[PDB]
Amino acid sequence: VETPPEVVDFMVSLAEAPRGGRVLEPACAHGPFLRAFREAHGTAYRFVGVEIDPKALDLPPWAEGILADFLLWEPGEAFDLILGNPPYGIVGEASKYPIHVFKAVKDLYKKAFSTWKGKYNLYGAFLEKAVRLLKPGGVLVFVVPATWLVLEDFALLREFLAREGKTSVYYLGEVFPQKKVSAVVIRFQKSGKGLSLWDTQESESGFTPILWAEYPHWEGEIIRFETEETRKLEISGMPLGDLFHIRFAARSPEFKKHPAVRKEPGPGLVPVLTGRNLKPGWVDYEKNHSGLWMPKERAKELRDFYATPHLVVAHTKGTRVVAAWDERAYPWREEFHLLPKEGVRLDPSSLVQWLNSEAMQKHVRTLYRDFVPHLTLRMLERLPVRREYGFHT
């Protein structure tokens, strides 16, 4: 799947290898990265491409092509430079996930990768594999989704990279015309330590990196675009997660099998609410977006907290904070559900106002840009709340 030439050129500009060095393109198909590196830096390297699909492998005679699953491949010797664009996707059942392998193959991947966590992703596994294949002081330059900067599934991967060498992350954003993904380039070197975060600007002449921040003692913490303002706001109030237990809605299959739940409206039945029912500062209790209906009073059988009016915050409205007080205490199939901790005093209307405020939207957009199409728990629990809105006694 194609990489824009300006992305390739940018990545090649970050790449290096010594004379006679071993240069690898994993998932290479026709080897556009090998070709670009050779054109830019010359011929005195050992070029290798690894590709699983015989129909796809189409390298020039000056490169060695290997037909293999890169994730399970064991070469005789490590590499000086590894570059390219790995495949992206979750391994799982075809009805829901795009990568389809025998369970036994998924088992080999889990055995192979110390960073594998949750559903994980091929791109995480490619990154780990590549790092393991680098000689000491070797370099990797990959373009991958930005999701690993922030997501829990990638916590082990971030800790692994922090531990194994030094990391530079260059934000590109949505640079693939046909693909819905916000991208970064990672340049990793198997020596030293620390993280450098870079923005980019694109011009006619390609991408130009702009240094944003440096974290010389990075240990795999979530990566964010921090500013003087984000810092200033964070120290102005209690993290939201110190004021509230944060829970998630019961999931669709739990409602679908529950004997109280119906697929048609009826006397005494209310809609099972989704994200579409959640608006800034109010809840649309009437419209049904889930296809599911149930008695309001039986909602507590799915989660005890559905019995109690409480704060609800959106998960799938992009990088935004959208909140409302569920005054009626309805069943929800989506969103975060925040229950105040013992001793917490709240002004719900004011807090909802603050969460929905322009200041709050700019805060989260600065920090997290468009890495993921969600406000995640790790973002939400860090939102700052001053004494006007909430107070822990």
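Start at 1 with the first residue shown and count on from there. Rigid core here is just the name for the largest C-alpha set that superposes within 1.5 Å across the two forms.
**Q** On a core superposition, give the stretch, 173-181 or 73-81, with the larger average C-alpha separation from this form in 5 other deposited structures of this protein (RMS over structures and residues).
**A** It is 173-181 that deviates more in 5 other deposited structures of this protein.
**Q** Stretch 294-302 versus stretch 204-212: after rigid core alignment, which one is farther off in C-alpha RMS in 5 other deposited structures of this protein?
**A** Farther from the shown form on average in 5 other deposited structures of this protein: 204-212.
**Q** Look up the CA B-factors in the entry and say which stretch, 305-313 or 235-243, has the higher mean.
**A** Looking at the recorded C-alpha B-factors, 235-243 comes out higher on average.
**Q** If you take the mean CA temperature factor per stretch, which one wins between 224-232 and 173-181?
**A** According to the PDB entry, the answer is 173-181.
**Q** Which one, 337, 55, 333, 363, has the peak C-alpha temperature factor per the PDB entry?
**A** 55 has the highest C-alpha B-factor of those listed.
**Q** For the listed 109, 207, 126, 97, which has the peak Cα B-factor recorded in the PDB entry?
**A** Checking the PDB record, the top C-alpha B-factor among 109, 207, 126, 97 is at 207.
**Q** Ranking the modelled residues of this chain by C-alpha B-factor as given in the entry, is residue 45 in the lowest, middle or highest third?
**A** Highest third of the chain for residue 45's C-alpha B-factor.
**Q** When the deposited Cα B-factors of this chain's modelled residues are ordered and cut into thirds, is residue 346 in the lowest, the middle or the highest one?
**A** Highest third, going by the recorded CA B-factors of the chain.
**Q** C-alpha B factor of residue 78, ranked within the chain: lowest, middle or highest third?
**A** Top third by C-alpha B-factor.
**Q** Lowest, middle or highest third: where is residue 383 by Cα B-factor in its chain?
**A** Ranked within chain, residue 383 CA B lands in the middle tercile.
**Q** Quick check for you: using the entry's CA B-factors within this chain, is residue 280 in the lowest, middle or highest third?
**A** According to the entry, residue 280 has a C-alpha B-factor in the chain's highest third.
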